[PDB]
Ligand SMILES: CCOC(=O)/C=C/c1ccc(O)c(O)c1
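For reference, the chain that follows is the form solved without the ligand, supplied as structure tokens.
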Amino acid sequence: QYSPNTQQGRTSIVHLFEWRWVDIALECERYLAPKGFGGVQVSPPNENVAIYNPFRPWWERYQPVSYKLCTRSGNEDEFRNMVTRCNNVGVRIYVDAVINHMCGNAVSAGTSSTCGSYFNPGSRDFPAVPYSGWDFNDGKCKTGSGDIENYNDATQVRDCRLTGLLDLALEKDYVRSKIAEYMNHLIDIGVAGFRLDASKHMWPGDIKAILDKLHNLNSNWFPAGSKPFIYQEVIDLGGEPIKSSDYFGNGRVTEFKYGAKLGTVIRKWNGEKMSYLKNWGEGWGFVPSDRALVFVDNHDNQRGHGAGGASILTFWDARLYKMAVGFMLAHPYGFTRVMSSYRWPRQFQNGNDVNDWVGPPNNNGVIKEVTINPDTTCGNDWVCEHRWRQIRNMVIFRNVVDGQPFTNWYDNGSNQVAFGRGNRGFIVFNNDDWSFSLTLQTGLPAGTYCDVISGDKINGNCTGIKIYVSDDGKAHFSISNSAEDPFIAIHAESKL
């Protein structure tokens, strides 16, 4: 459960949020494989409710109608084509599994679904699965509203409806089997693992029972006995009865404290400073590294829809965002997930974005293809953060230093810090309101290294900043607080 199942040397996965299967397949071959990306988290591939009010919101995909591989991202044929092509290039696919619930209980009955399947939330009828009233927790939930009302009561959080979403009776073998049937279908197709959506709303024991029915990965691409990578979406910040540790027996868990705290630190909120990141990781109360799935932002909290709050950094905060992602990718703690999003008309009113529901770039509801600009950036309103030189090069940095220890830490007692990874890499950050000019011990072999943030190493030459490491491993670093990117990163493969 705990191993990502990525190719040796590939240490990160990217969330291609709302991307079409055909576009992902191409991205795997043209960019992800050549650039060393480990895998891709795809949006829910199962049929969901088609919501027109608002117009096709991104969250409609988290309201299942059936387990048919039929969505705005493509059909089963397109999905299989993508998994196959990506796997053939050594890039894994991880499915966002929405198994805790079906659609909202108040959703109108009919065929307003991505595959035309009929469903009736009111009567608990989902014939395409099939599911009936006997498969939901209507009788198990003890709240007066039938929905989750108090998170201080661990029982209702699992047996009641999350904001009205019909809650599946996961204790029933029939329900467990139907979900396993869906997941096994995906595994046999070639997926390497899953993100278990709303895991906090599922009993650890129920998840385990379901995972116990899962197949080993497809033996045509993976070694015998390979188990699907499992990372459970559990939002666990401050004081709550439910702890993400309650799910360690099933696989990894999303560490939402990671992005929340990193955001507050880089934003320098309430006295926080980068010098405090010296003991980053378990020292900050985070889950063990081998059970952590980390990220700066996710599809939910990048639009104030999830845990983290206003401290979460996103592509909207480009400069600080690159620094946060850079620190994450350089630091050894956990398995890293990079976010890839689309632009939307953010409309802030009284502190809240009233357009936080807007779905992916589209034409009359049809998701737009991802176009690639001559400079390798994306068009059609796709942000493609994973294609940003500063982020892509850090994804590679993590690969190059894989296994190397956290060492040679330095800090000015404020927001100027630096550290290395064994003798394979070194990174320096300046988040202070003044320039940083100092000679530091890099632990790297003597030579000339290309800074992979400001530039690239191309045919024996650096396109950006150049760093010179002496025989004693020391090197001079100069970063103005006015620099486009106030951080420098160099590694074994950026050496001339």
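Only the largest set of C-alpha atoms that superpose within 1.5 Å between the two forms is called the rigid core. When you see a residue number, it is the position in the sequence shown, counting from 1.
In what follows, reference is made to the form solved in complex with the ligand, a form of this protein that is not presented.
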request  = With the ligand left out here, work out from 215-223, 181-189, 397-405, 248-256 which stretch has heavy atoms within 4.5 Å of it in the bound PDB entry.
outcome  = 248-256
In the bound PDB entry, the one of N120, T371, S177, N88 near the ligand [non-hydrogen atom within 4.5 angstroms] = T371
query = Of the residues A418, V287, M328, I266, which one places a heavy atom within 4.5 Å of the ligand in the bound PDB entry?
reply = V287
message = With a cut-off of 4.5 Å between heavy atoms, is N412 one of the residues that contacts the ligand in the bound PDB entry?
response = no
key: Distance check, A50 to the ligand in the bound PDB entry, heavy atom within 4.5 Å   = no
inquiry  = Is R10 near the ligand? Define near as a heavy atom within 4.5 Å, in the bound PDB entry.
reply    = no
ask   = Using heavy atoms and a 4.5 Å limit, would one call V22 a contact residue for the ligand in the bound PDB entry?
value = yes
inquiry  = Out of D353, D147, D96, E272, I need the residue that shifts by 2 angstroms or more at the Cα between the shown form and the other one, core superposed.
reply    = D353
request  = Note yes or no: does the Cα of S132 move by 2 Å or more between the shown form and the other one after the core is superposed?
outcome  = no
task = Tell me, please, whether between the shown form and the other one the C-alpha of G122 is shifted by 2 Å or more, with the rigid core used for superposition.
result = no
key: Displaced residue check between the shown form and the other one: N53, CA, 2 Å or over, core reference   = yes
remark   = A change of 3 Å or more separates this form from the other: in the bound PDB entry, the C-alpha atoms of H299 and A260 are closer
task = Specify closer or farther for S289 and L313: how their Cα atoms are spaced in the bound PDB entry versus the shown form, given a shift of 3 angstroms or more.
result = farther
